[PDB]
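Quick notes on the structure that follows.
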Amino acid sequence: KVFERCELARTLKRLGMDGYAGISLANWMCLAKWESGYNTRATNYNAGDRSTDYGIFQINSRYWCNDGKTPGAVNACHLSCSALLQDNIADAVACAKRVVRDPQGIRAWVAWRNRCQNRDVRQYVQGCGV
């Protein structure tokens with residue numbers, strides 16, 4: 001599913017993402033936008049390390065979910081990577097929360113550092129009623 005901007009903003013708010021671990025909804029929106037364009041079935045294979053990024057937040061198989069084909073990978077979110085390709089984002093959100101409970105917080109995603117950190121992210125939630 002490819003979410004529309006405000007549709008996603010309200011979906012994330014209902015899932016408890018607003019201010020989760022000090023991260024605003026606008027930041028989560030900026031992350032999803034740059035990671036997948038709000039597409040829950042986005043996938044990106046990394047030929048270099050044989051891992052794959054899954055879903056709306058492009059969560060990596062080496063550490064977060066199990067896809068059975070990433071060498072020596074772990075599964076910290078304890079989900080099959082398929083759970084991160086569902087139209088319903090509840091599981092992807094639970095896993096994103098788990099990701100940020102790590103040392104780096106929202107900085108875990110390099111794209112957030114590239115396109116969201118120290119940027120004006122207000123635009124992502126403007127007019128969404130969140």
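Letters A, B, ... go to the chains of the structure tokens in the order shown; residues in each chain start at 1; ligands are counted from 1 in the same order.
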I'd like a table as a tab-separated table: residues in stretch 57-89 of chain A with an atom no more than 10 Å from stretch 8-29 of chain A, each row giving the shortest atom pair and its distance in Å to one decimal, only C-alpha atoms counted, sorted by chain and rising residue number.
```
residue	atom	partner	partner_atom	distance
A:57	CA	A:28	CA	8.8
A:88	CA	A:11	CA	9.5
A:89	CA	A:11	CA	8.4
```
Could you save the residues just selected, with C-alpha atoms, as a PDB file, in the first residue's frame?
```
ATOM      1  CA  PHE A  57      10.628   2.268   7.118  1.00  0.00           C
ATOM      2  CA  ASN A  88      -1.333  -2.757   7.816  1.00  0.00           C
ATOM      3  CA  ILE A  89       1.701  -1.082   9.411  1.00  0.00           C
TER       4      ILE A  89
END
```
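Neighbouring residues of residue A:72 at 10 Å or closer, counting only C-alpha atoms and skipping chain neighbours under 4 positions away, are residues 62, 63 and 68 of chain A.
Residues of chain A assigned to strand (DSSP E) by DSSP on this structure's backbone: residues 43, 44, 45, 46, 51, 52, 53, 54, 59 and 60 of chain A.
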Quick check for you: according to DSSP on this backbone, which residues of chain A are classed as helix (DSSP H, G or I)? Reply as a PyMOL selection string.
chain A and resi 5-14+25-36+81-85+90-100+105-108+110-115+122-124
Could you list, as a ChimeraX atom specification, every residue within 12 Å of residue A:46, counting only C-alpha atoms and ignoring same-chain residues fewer than 3 positions away?
/A:43,49-54,58,60-62,70
Write a file of the just-selected residues containing C-alpha atoms, as a JSON list (two decimals), in the first residue's frame.
```json
[["chain", "number", "residue", "atom", "x", "y", "z"],
["A", 43, "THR", "CA", 12.20, -3.53, -0.78],
["A", 49, "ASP", "CA", 26.23, -7.40, 2.42],
["A", 50, "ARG", "CA", 23.38, -9.62, 1.16],
["A", 51, "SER", "CA", 20.75, -7.98, 3.38],
["A", 52, "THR", "CA", 17.38, -6.53, 2.29],
["A", 53, "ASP", "CA", 15.51, -3.44, 3.60],
["A", 54, "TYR", "CA", 11.76, -4.02, 4.05],
["A", 58, "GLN", "CA", 13.07, 0.11, 5.12],
["A", 60, "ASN", "CA", 17.14, -4.14, 7.51],
["A", 61, "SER", "CA", 17.19, -7.95, 7.61],
["A", 62, "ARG", "CA", 20.67, -8.22, 9.09],
["A", 70, "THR", "CA", 20.84, -12.94, 5.21]]
```
Show which residues sit within 12 Å of residue A:108, as a CSV table (one decimal) with N, CA, C and O atoms, in the first residue's frame. Count only C-alpha atoms, and ignore same-chain residues fewer than 5 positions away.
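Just written: around-v8.csv:
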```csv
chain,number,residue,atom,x,y,z
A,31,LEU,N,11.0,10.3,7.7
A,31,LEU,CA,11.7,9.0,7.6
A,31,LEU,C,11.1,8.1,6.5
A,31,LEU,O,11.7,7.6,5.6
A,57,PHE,N,9.5,1.7,6.4
A,57,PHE,CA,10.6,2.3,7.1
A,57,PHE,C,12.0,1.7,6.7
A,57,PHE,O,13.0,2.0,7.2
A,58,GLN,N,11.9,0.8,5.7
A,58,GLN,CA,13.1,0.1,5.1
A,58,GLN,C,14.0,-0.5,6.2
A,58,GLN,O,15.1,-0.1,6.3
A,59,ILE,N,13.4,-1.3,7.0
A,59,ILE,CA,14.0,-2.0,8.1
A,59,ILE,C,14.9,-3.2,7.6
A,59,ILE,O,14.4,-4.0,6.9
A,60,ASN,N,16.2,-3.2,8.0
A,60,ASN,CA,17.1,-4.1,7.5
A,60,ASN,C,17.1,-5.5,8.1
A,60,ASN,O,17.1,-5.7,9.3
A,63,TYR,N,19.6,-7.3,11.0
A,63,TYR,CA,19.4,-7.1,12.5
A,63,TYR,C,18.0,-7.2,13.0
A,63,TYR,O,17.8,-7.7,14.1
A,64,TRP,N,17.0,-6.7,12.2
A,64,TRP,CA,15.6,-6.6,12.7
A,64,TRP,C,14.5,-7.6,12.5
A,64,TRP,O,13.7,-7.8,13.3
A,96,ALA,N,9.8,-0.5,14.4
A,96,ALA,CA,10.4,0.8,14.3
A,96,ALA,C,10.7,1.4,15.7
A,96,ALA,O,11.7,2.0,16.0
A,97,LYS,N,9.7,1.1,16.6
A,97,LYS,CA,9.9,1.5,18.0
A,97,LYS,C,11.1,0.8,18.6
A,97,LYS,O,11.9,1.4,19.4
A,98,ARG,N,11.2,-0.5,18.3
A,98,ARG,CA,12.3,-1.3,18.8
A,98,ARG,C,13.6,-0.8,18.3
A,98,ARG,O,14.6,-0.7,19.1
A,99,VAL,N,13.7,-0.4,17.0
A,99,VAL,CA,14.9,0.1,16.4
A,99,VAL,C,15.4,1.4,17.2
A,99,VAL,O,16.6,1.5,17.5
A,100,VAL,N,14.5,2.3,17.5
A,100,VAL,CA,14.8,3.5,18.2
A,100,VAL,C,15.1,3.4,19.7
A,100,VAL,O,15.6,4.3,20.3
A,101,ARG,N,14.8,2.2,20.2
A,101,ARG,CA,15.2,2.0,21.6
A,101,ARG,C,16.7,1.7,21.7
A,101,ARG,O,17.1,1.3,22.8
A,102,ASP,N,17.4,1.7,20.6
A,102,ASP,CA,18.8,1.4,20.6
A,102,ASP,C,19.5,2.7,20.8
A,102,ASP,O,19.0,3.8,20.7
A,103,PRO,N,20.9,2.6,21.0
A,103,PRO,CA,21.8,3.8,21.2
A,103,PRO,C,21.6,5.0,20.4
A,103,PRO,O,21.6,6.2,20.9
A,113,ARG,N,19.3,11.0,8.8
A,113,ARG,CA,20.4,11.9,9.0
A,113,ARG,C,20.6,12.8,7.8
A,113,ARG,O,20.8,14.0,7.9
A,114,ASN,N,20.5,12.2,6.6
A,114,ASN,CA,20.7,12.9,5.3
A,114,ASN,C,19.5,13.9,5.0
A,114,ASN,O,19.8,15.0,4.7
A,117,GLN,N,17.4,15.3,9.6
A,117,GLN,CA,18.1,15.9,10.7
A,117,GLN,C,18.4,17.4,10.4
A,117,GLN,O,19.0,17.7,9.4
```
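The two atoms in question, atom CA of residue A:104 and atom CA of residue A:86, are spaced 26.2 Å apart.
Minimum atom-to-atom distance to residue A:56, evaluated using only C-alpha atoms, belongs to A:41 out of A:122, A:5, A:115, A:41.
The coordinates place atom CA of residue A:40 at 7.3 Å from atom CA of residue A:84.
A straight line drawn from atom CA of residue A:1 to atom CA of residue A:77 is 21.5 Å long.
Distances to residue A:82 were evaluated for A:111, A:47, A:42, A:106 using only C-alpha atoms, and the minimum falls at A:42.
Closest approach to residue A:33 from the set A:130, A:6, A:45, A:87 is made by A:6, with distances taken over only C-alpha atoms.
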